[PDB]
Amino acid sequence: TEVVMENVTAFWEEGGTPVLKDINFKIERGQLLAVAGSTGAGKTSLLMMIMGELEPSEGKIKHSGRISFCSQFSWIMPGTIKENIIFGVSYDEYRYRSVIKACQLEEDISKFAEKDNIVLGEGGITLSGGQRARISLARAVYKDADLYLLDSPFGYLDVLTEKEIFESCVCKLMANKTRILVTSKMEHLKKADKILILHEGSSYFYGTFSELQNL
């Protein structure tokens, strides 16, 4: 198994209310876990636990290897669009091109005279919310890792663009990779190997889309 949580309870503040309560799941290598739930349910906190920023007060956690994290808040640093996506990782033309195509950034980049050398984050170009989200997603996906933590990465995208990139990037380009995707969208839960729905820290549902349909 690649990631396990067993009876996990955790607190951000000593003596506060638990942010996660008796959470259970397992992800095998190469699978996709969808993590859903309302605002404040604990989804980002669950990712933080996997990244070692929050320790369990009860329960056990298993995860090994290197992590790539995509924040739900998209961000850009001063530099070219290519530099923002590679972000200090060694460069490979084929890998880079595959990521930007899977994130629909080829269209955006082709429109600039400077192409992949267009400069971001320095007062020239002002990116849309959807461009910044796809660049942030591409940055996380370009990075080689054992586990990809994609926290609501489709911000500002219309539902068809979100669907297309979920399929081209999360399902096809990343098909061999262990993935945790924070998302509420029905198709994403249906395509996931497992679903975890959080509500106020607790496991509202854990299982498969098919199991939920049978209920």
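In this text, rigid core is short for the largest set of C-alphas that superpose within 1.5 Å between two forms. Just count from 1 along the sequence shown to find any residue number.
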item: 102-110 against 123-131 - segment lying farther from this form in 7 other deposited structures of this protein (CA RMS, rigid core fit); value: 123-131
item: Stretch with greater C-alpha deviation in 7 other deposited structures of this protein, 114-122 versus 132-140 (rigid core superposition); value: 114-122
item: 197-205 or 9-17, whichever carries the higher mean Cα B-factor; value: 9-17
item: Of 186-194 and 57-65, the stretch whose C-alpha atoms average the higher B-factor in the entry; value: 57-65
item: Candidate residues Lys111, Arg134, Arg97, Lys82, the one whose C-alpha B factor the record puts highest; value: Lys111
item: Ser71 CA temperature factor, ranked by third within the chain; value: middle
item: Third of the chain, ranked by Cα B-factor, where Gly124 sits; value: highest
item: Chain-relative CA temperature factor third for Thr161; value: highest
item: Position of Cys169 among the chain's modelled residues by C-alpha B-factor, lowest, middle or highest third; value: lowest
item: Lowest, middle or highest third - CA B-factor, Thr39; value: middle
